[PDB]
Amino acid sequence: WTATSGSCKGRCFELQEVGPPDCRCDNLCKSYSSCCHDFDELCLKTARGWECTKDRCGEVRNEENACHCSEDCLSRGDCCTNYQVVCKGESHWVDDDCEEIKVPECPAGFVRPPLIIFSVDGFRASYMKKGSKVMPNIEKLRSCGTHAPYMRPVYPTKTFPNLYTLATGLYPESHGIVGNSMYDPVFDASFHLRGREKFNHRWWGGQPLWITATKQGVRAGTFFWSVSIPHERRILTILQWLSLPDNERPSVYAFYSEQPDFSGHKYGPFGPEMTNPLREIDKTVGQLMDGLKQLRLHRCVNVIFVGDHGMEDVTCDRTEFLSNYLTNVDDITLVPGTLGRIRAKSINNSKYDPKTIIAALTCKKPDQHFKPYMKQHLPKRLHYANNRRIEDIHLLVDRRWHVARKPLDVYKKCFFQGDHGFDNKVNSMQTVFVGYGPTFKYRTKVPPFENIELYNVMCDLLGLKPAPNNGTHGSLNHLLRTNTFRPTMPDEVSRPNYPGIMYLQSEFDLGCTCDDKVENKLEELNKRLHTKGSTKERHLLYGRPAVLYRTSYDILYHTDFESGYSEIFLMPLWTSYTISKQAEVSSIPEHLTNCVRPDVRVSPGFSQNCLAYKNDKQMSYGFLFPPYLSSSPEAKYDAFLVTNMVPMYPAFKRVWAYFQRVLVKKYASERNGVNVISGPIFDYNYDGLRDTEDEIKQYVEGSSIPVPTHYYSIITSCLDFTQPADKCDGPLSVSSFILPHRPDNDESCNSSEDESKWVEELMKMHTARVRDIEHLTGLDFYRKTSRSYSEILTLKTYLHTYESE
Ligand SMILES: *[C@@H]1O[C@H](CO)[C@@H](O[C@@H]2O[C@H](CO)[C@@H](O[C@@H]3O[C@H](CO[C@H]4O[C@H](CO)[C@@H](O)[C@H](O[C@H]5O[C@H](CO)[C@@H](O)[C@H](O)[C@@H]5O[C@H]5O[C@H](CO)[C@@H](O)[C@H](O)[C@@H]5O)[C@@H]4O)[C@@H](O)[C@H](O[C@H]4O[C@H](CO)[C@@H](O)[C@H](O)[C@@H]4O[C@H]4O[C@H](CO)[C@@H](O)[C@H](O)[C@@H]4O)[C@@H]3O)[C@H](O)[C@H]2NC(C)=O)[C@H](O)[C@H]1NC(C)=O
Ligand SMILES: CN(Cc1ccc(Cl)c(Cl)c1)C(=O)Cn1cnc2ccc(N3CCN(c4nccs4)CC3)cc2c1=O
Ligand SMILES: [Ca+2]
Ligand SMILES: [Cl-]
Ligand code: NA
Ligand code: NA
Ligand SMILES: [Zn+2]
């Protein structure tokens, strides 16, 4: 019950929302069907439209009108946006030359530059160039402010997960809005675009910007708008709020547009019907800028123009149906469309097997336009697993396609020509970012970045301390004229040990064998210099990684590589080596095939053993530094140390051995040397964070040797590839991956073929930011460079995507 028989007189678009059963006049009341009886009359006036005309200039104030052209309107704060243009001979904002905003030029009483978020649904990145002739206000924002060529949304590339990601800096897995449609098994309730369930706070985690603002004494209301309030009224409302007295006036404002997504769905991303929605969004931006100029706020406010996701060509005939794969299709519930999420229809079924379903969906058709995954096996870059609302079975749907359960689901719901929600690396899913105002830089291009980063920037723009989030604070410092956040490197928590030769060969009982005892004083202090770290500047280019948790580990130096050896996990946390453009690939000699050597620097008790691998029929082993890239036959012996060995499934070894033997050399050839840091990752609970010892679910049979869930590599070179990796004076170039450590290659449908047909493609899918690797390892990389820390932060957030142009 709302006793909707109070009034909105003097209360239109009030900022504080009022408690029941007393009726509401806030910008959300229409959503709850709880507005006072007079809201439309008072708060949603439309009379005479949205523009001033000559015949309206200097009129007698008529309170019925949607906006005013009378003399008093400036001081009342409620002119039509074009008032100064029509009735004062002033020019539109878009027609003024763009002048650098060196300092905030605000009216008296403004304590700080207000922030205005202008968000646009389904605004694909390429619209910036492709729609440029019809969007002059937007193009002026772009060229005059700071802009990226695109901004990367989060997966799934749906509206709600992305807008709430913008507001919180959190992955959907952490904020809870994991889809446009969601079932929570605990709530036994469903969240939809339609309906009243979405209004419940229990779905929405994290701390949105407006709450971060309010708690630190910066005024801000919700970013939400009821859909029935037209766009013109939203602009006029924001402009009215901006006219409030200093102690009432909010510091942050948000405008939302359902366009161009709405038409995009009907007409496809580039349908001839798409020109008009783009025109209209530009007009709206123009109204806001004219309005700000009127209030002399146009060189005072910071404006963000930002989209939630792109739009792809998708039609009904491009639907894969699960009923073409499964016979038991009525046993399952599917979240359909541009992604798939499958769960049991009845939770009262103990004869329900996810394994059998995955298998029935795996590589079943040659053309297959989806790939099934257990959620923990999804690419770690998607960060799409750690939430009870995310189904164990996920379908990654190919761009341009849909998944549905049965044909009846499509025809009894062709309506659509456009959709979105695909993998966030997909070009068509990319969206937009423009920043304009005194705090942003002038006429500046920045590289593409992820929408998870914006929360921190908006906090900075408002003098707020950000709530804990998934951005890397400082990675977007290059967007801003004046910063206020100075990032610092996390302190190293564990200092390494530097062990010398401490054990005799006969102290080891590892069950290992090596054909090695084929024994000059010239070449003998030289070998000792390598174990002491003479070649360390060659192979460790950016300093040792800092271990950011409490542990026991040893630095181990060799001719060809250096490692950080964990006495707890019985393997390296990292292994660092440099392969120049000129270096040679050799083989593992016949006599050294099964060679594993005790490391006289590390105790029997802190070493792996060969017996464990013999007894484990599933588990083989591989090496972190590759023997194939030894600099000399004699240095090759170092690669076979027990301290360089890691557990590997035979199926995974196909992947690793091809990466090591072929790809590292290919990257060194193409990039003029590479530095490689490789290591294990443990993430049994799939939270995207380093597991502690007692979270490990699998060991090599009969041992304390823990089994990695993933293997990483960070591959760094000089951005200017005319300089070799090991002599590089300026910025760096990086690509990384996090390969899942799996006992089969079911993920790669062509894996029965030569590694050269499938291995590289898999690695590409599992591309990663260094930052992802840091969370997963508790390591901190690039500690010693000639580069600024902000630049290094940007580098750590880079993701090599592998998409075309
Ligand atoms: C992306 O950024 C975010 C934010 O920085 C990172 O996520 C954080 O990770 C932390 C570690 O995983 C986690 O800290 C824990 O908090 C626990 C209390 O959590 C509540 O309070 C906070 C603070 O206000 C709040 O944010 C949380 O909100 C969550 O929960 C509700 C649902 O109930 C949702 O509305 C909301 O969306 C959010 O859900 C998300 O997080 C939860 C986990 O909290 C997930 O389950 C969801 O899937 C979803 O992703 C909470 O309301 C607290 O219990 C923890 O303390 C334990 O661990 C410490 C370790 O030092 C130890 O000392 C203690 O012993 C303690 O153990 C005890 O509890 C155990 C479990 O109950 C029990 O087994 C033991 O026996 C002990 O009794 C811990 O401090 C933090 O909550 C989240 N924050 C958010 C917002 O998600 C995230 O990691 C980043 N991602 C990446 C990849 O880097
Ligand atoms: C599509 N857009 C745009 C949009 C803008 C910004 C973002 Cl961040 C997003 Cl995700 C979407 C809508 O605005 C649609 N729409 C409409 N009417 C609503 C009415 C009440 C709610 N509730 C959400 C939960 N809840 C919370 N209060 C504080 C924290 S969570 C109560 C309010 C939500 C809506 C709502 O979403
Ligand atoms: Ca973990
Ligand atoms: Cl969804
Ligand atoms: Na074995
Ligand atoms: Na396969
Ligand atoms: Zn949409």
Side-chain angles (χ1 to χ4, degrees), residues 153-162 164-165 167-187 190-193 198 200-208 211-212 215 308-309 333-343 375-376 378 380-391 394-397 402-403 419-422 450 452-453 455-456 466-473 548-550 680-697 706 708-710 738 768-778 796-797:
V154 282
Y155 188 76
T157 56
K158 297 289 198 188
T159 300
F160 276 70
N162 269 280
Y164 206 59
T165 281
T168 56
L170 292 164
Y171 299 121
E173 76 177 354
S174 300
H175 69 58
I177 311 295
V178 302
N180 264 353
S181 189
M182 299 185 269
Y183 175 79
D184 187 305
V186 166
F187 302 160
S190 276
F191 174 112
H192 330 257
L193 277 129
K198 71 161 182 294
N200 206 314
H201 282 242
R202 65 179 190 193
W203 298 97
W204 315 71
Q207 191 185 79
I211 302 308
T212 309
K215 283 186 194 286
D308 54 3
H309 54 70
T333 303
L334 168 73
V335 177
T338 57
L339 44 152
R341 314 205 298 273
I342 295 150
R343 64 178 195 273
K375 69 172 171 176
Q376 71 280 0
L378 283 168
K380 303 292 272 179
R381 59 176 173 86
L382 298 171
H383 296 280
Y384 197 73
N386 192 208
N387 202 285
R388 73 202 185 207
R389 303 165 197 173
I390 300 163
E391 284 80 7
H394 197 80
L395 314 179
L396 280 177
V397 175
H402 265 159
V403 69
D419 210 2
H420 55 86
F422 306 111
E450 302 196 324
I452 63 156
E453 304 301 328
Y455 176 75
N456 285 337
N469 68 97
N470 306 127
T472 297
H473 207 174
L548 304 186
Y549 62 96
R550 182 70 262 162
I681 272 161
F682 309 86
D683 192 24
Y684 281 98
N685 66 348
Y686 52 83
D687 67 346
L689 300 162
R690 175 195 58 94
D691 288 347
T692 51
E693 275 181 56
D694 61 19
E695 285 157 337
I696 307 308
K697 294 164 84 44
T709 51
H710 299 77
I738 304 161
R769 314 175 298 148
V770 171
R771 205 64 194 97
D772 300 318
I773 294 159
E774 291 190 333
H775 293 319
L776 286 160
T777 57
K796 290 178 167 199
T797 67

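Residue numbers count from 1 along this sequence. First listed ligand is number 1; within each ligand, the first listed atom is number 1. Every heavy atom of this structure was used, including side-chain atoms; hydrogens, water molecules and symmetry mates were not.
With the Ca ion (ligand 3) as vertex, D687 OD1 and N685 OD1 subtend 80°, rounded to 10°. Around the Ca ion (ligand 3), the angle linking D691 (OD1) with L689 (O) is 110°, rounded to 10 degrees.
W204 and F191 have their aromatic ring centers within a separation under 6.0 angstrom. The aromatic ring centroids of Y155 and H394 lie less than 6.0 Å from each other.
Between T165 and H175, the shortest heavy-atom contact is OG1-NE2, 3.0 Å.
Residue-level check: among N/O/S atoms of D683, OD1 sits closest to the Ca ion (ligand 3).
Qualifying side chain to side chain contact (heavy atoms under 4.5 Å, CB included) partners for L548, counting only residues two or more places apart in sequence or in other chains: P490, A546, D780.
Counting heavy atoms from C-beta on, the side chains of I738 and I681 come closer than 4.5 Å.
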For ligand 1, list all ligand N or O to protein N or O distances below 3.5 Å, rounded to 0.1 Å.
from	atom 1	to	atom 2	distance (Å)
ligand 1	2 (O)	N470	OD1	3.4
ligand 1	2 (O)	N470	ND2	2.3
ligand 1	37 (O)	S174	O	2.8
ligand 1	48 (O)	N386	O	2.7
ligand 1	50 (O)	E173	O	2.6
ligand 1	50 (O)	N386	O	3.2
ligand 1	91 (N)	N470	ND2	3.0

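In this structure, the separation between CD on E391 and OH on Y183 is 10.0 Å, given to the nearest 0.5 Å.
In summary, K158 and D308 do not engage in a salt bridge, as defined by a charged side-chain N under 4.0 Å from a carboxylate O.
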